[PDB]
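Structure at a glance
In case you want the letters, here they are:
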Amino acid sequence: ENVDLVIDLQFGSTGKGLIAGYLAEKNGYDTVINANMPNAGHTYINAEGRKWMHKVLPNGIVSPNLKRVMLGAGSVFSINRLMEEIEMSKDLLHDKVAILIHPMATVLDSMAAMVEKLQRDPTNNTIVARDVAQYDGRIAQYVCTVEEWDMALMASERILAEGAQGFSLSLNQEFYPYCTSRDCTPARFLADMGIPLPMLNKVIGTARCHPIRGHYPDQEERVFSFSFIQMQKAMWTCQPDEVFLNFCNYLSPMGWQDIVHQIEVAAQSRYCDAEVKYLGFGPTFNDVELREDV
Ligand SMILES: Nc1ncnc2c1ncn2[C@@H]1O[C@H](COP(=O)(O)OP(=O)(O)OP(=O)(O)O)[C@@H](O)[C@H]1O
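Residues numbered from 1 in each chain as written, not as in the entry; some residues may be left out. Heavy atoms only, no water. Residues with missing side-chain atoms left out of burial classes, pairs and counts.

X-ray crystallography is the method the PDB entry lists for this structure, together with a resolution of 1.7 Å.

Structure, rendered in structure tokens:
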């Protein structure tokens, strides 16, 4: 049980990148892994002010004991974007860090590419990273075999896995068809990263006091008020062990302290022991505080 999995409990865009960077600095994982499809990017800003805006690489690459960065089979990514992000952190991606691209990850020329991979037509060798790697040497250094992927996980000591969009955007939650093309749940993220279920140690769920994006019945006003019902649904399916509540700096103390209580009452209502353990008051490492301290 050595995988910490970071997920988003609402409609996304909760600052999951911030807690991923924070956790990577605090815990020093040697392996960071994700399986993202094209997105608007995940941002982490460290103590000294450096900014990482990532659409492909995990934000966890800031771990001081980084050894492996792993892009899972569910990844859909642009090669241009990936090489740009690698170069901007080449000081972190030195000779001591191995980057592994799952052979069945999808290369973009998002949904049309996901369809062509599912088509499994034997003479289209332009789709999956294994096939693109034969004529595109930029990723040839990076794509591994399925066997190598499994050995990398076996060899990892502690793993930070970063999830994708947020629970309520799941393909099979209530808002279909106004949703993404995948379920956004721990089971599906682990599946899309090829992580065996017994490796899961804890799930860190993220939320913001006023969630961004129909919607849930108990929320109004895109920015919405906090939804207790949305949090109940997310707790039942996602069962986080710890919660990071972000953008508390947009509310009065009474404001975000009430939401802490509501999150924990929703958790308990859906047989989840989650604790609100982290609070976010800004976009920086230095703005993440421990709930027991504030
Ligand atoms: N507490 C905060 N105060 C102010 N700005 C913040 C705060 N937290 C994050 N931000 C800013 O919000 C943006 C974060 O990107 P986003 O939240 O969509 O990441 P994510 O949740 O990791 O992404 P995704 O939706 O893909 O899961 C950044 O520009 C960051 O600087």
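Picking up after the structure, the text goes on.
Some words on the environment of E162
This is how it is decided: Helix numbering and strand numbering both begin at the N terminus, where a helix is a DSSP run of H or I of at least 4 residues and a strand a DSSP run of E of at least 2. Here a residue-residue contact requires only that any non-hydrogen atoms of the pair lie within 4.5 Å. Identification of polar contacts relies on pairs of N or O atoms within 3.5 Å, with a donor-acceptor requirement for protein atoms, meaning one able to donate a hydrogen and the other able to accept it, and with residues adjacent in sequence counted only if both atoms are side-chain atoms.
Along the chain, the position of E162 falls in strand β9 (residues 159-162). Each C-alpha atom, one on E162 and one on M193, is 9.8 Å from the other, the two residues being 31 residues apart in sequence. Non-local contacts of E162, meaning those with residues more than four positions away in its chain, are made with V6, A20, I33, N34, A35, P58, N59, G60 and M193. A distance of 2.9 Å separates a polar atom in the side chain of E162 from the backbone nitrogen of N59. Side-chain polar atoms of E162 contact the backbone nitrogen of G60, separated by 2.7 Å.

Some points on the UniProt feature "active site" in the protein
Rules: UniProt positions are given in the numbering used here, feature names are shortened, and annotations may be inferred rather than shown by experiment.
The residues that UniProt annotates with the feature "active site" are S13. Mapped onto the fold, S13 is located in the loop between β1 (3-8) and α1 (16-27). When near neighbours in sequence (up to four residues on either side) are disregarded, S13 contacts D8 and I212.

Looking at the sheet that holds strand β7 (residues 98-101)
Which entries qualify depends on this criterion: One bridge is not enough; two strands pair if DSSP finds at least two bridges between them. Only the stretch in contact is used when a helix axis is fitted, and all axes are lines through C-alpha atoms; the angle between N-to-C directions ranges over 0 to 180 degrees.
Strand order across the open sheet formed by nine strands is β7-β5-β2-β9-β1-β10-β11-β12-β13, with mixed pairing between neighbours. Since the sheet does not close on itself, it has two edges, and those belong to β7 and β13 (288-290), each with one partner. Across the sheet, the axes of successive neighbouring strands diverge by a mean angle of 20 degrees, strand direction being ignored. In the sheet, strand β2 (residues 31-34) pairs with β9 via four bridges, with the strands oriented parallel. Paired with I33 across the bridge in β9 is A161.

Some details on helix α9 (residues 253-269)
Put simply, the rule reads: By definition here, a helix of n residues has an expected span of 1.5 Å times n minus one.
Spanning 17 residues, α9 covers 24 Å between terminal C-alpha atoms, matching the ideal 24 Å at 1.5 Å per step. Backbone geometry just after α9 places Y271 at a positive phi near 60 degrees.

Quick look at the pattern of salt bridges
In plain terms, the rule: A pairing counts as a salt bridge when a side-chain nitrogen of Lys or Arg comes within 4 Å of a carboxyl oxygen of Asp or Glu.
One salt bridge in this structure joins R50 and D91, with 2.8 Å as the shortest N-O distance. Taken together, the positions of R50 in the loop between β3 (42-45) and β4 (51-54) and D91 in the loop between α2 (79-88) and β7 put the pair 41 residues apart, joining distant regions of the chain. For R182, the salt bridge goes to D192, with nearest N and O atoms at 3.3 Å. Of this pair, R182 sits in the loop between β9 and α7 (186-192) while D192 is found in helix α7, placing the two residues ten residues apart along the sequence. A cluster of three or more residues bridged by salt bridges with shared partners is formed by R182, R188 and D192.

A word on the packing of aromatic side chains
Where we set the bar: Between 30 and 60 degrees the pair is tilted, below 30 it is stacked and above 60 it is edge-to-face, where a pair is any two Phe, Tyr or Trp rings, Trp via its six-membered ring, whose centres lie within 6.5 Å. The criterion for a charge sitting over a ring is simple: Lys NZ or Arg CZ within 6 Å of the ring centre, and within 35 degrees of the ring normal.
Summarising the aromatic geometry, the rings of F11 and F175 are spaced 6.0 Å apart at their centres and angled 50 degrees between planes, so their arrangement reads as tilted. Ring centres of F175 and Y216 lie 5.0 Å apart, and the angle between their planes is 90 degrees; this geometry places the pair in the edge-to-face category. Through successive ring pairs, a cluster of aromatic residues spans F11, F175, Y216 and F224. Positioned over the ring face of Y29 is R158, at 5.2 Å from the centre of the ring. The residue whose ring lies beneath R213 is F175, and the NZ or CZ to ring-centre distance is 5.3 Å.

Some points on the pairing of strand β10 (residues 200-208)
Pairing of β1 with β10, which is carried by six bridges, proceeds in the parallel orientation. Counterpart to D8 in the pairing with β10 is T206. As paired elements, β10 and strand β11 (residues 242-246) share five bridges and run parallel to each other. Within the sheet, the bridge partner assigned to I204 lies in β11 and is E242.

Notes on unusual backbone geometry
Each neighbour pair has its own omega, and for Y176 with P177 the value is 5 degrees, a cis peptide bond. The topology assignment puts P177 in the loop between β9 and α7. You will see that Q239, though not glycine, has its phi angle at about 45 degrees, which is positive. On the secondary structure map, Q239 appears in the loop between α8 (228-238) and β11. The backbone of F247 sits at a positive phi, close to 60 degrees, despite the residue not being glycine. You can see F247 is positioned in the loop between β11 and α9.

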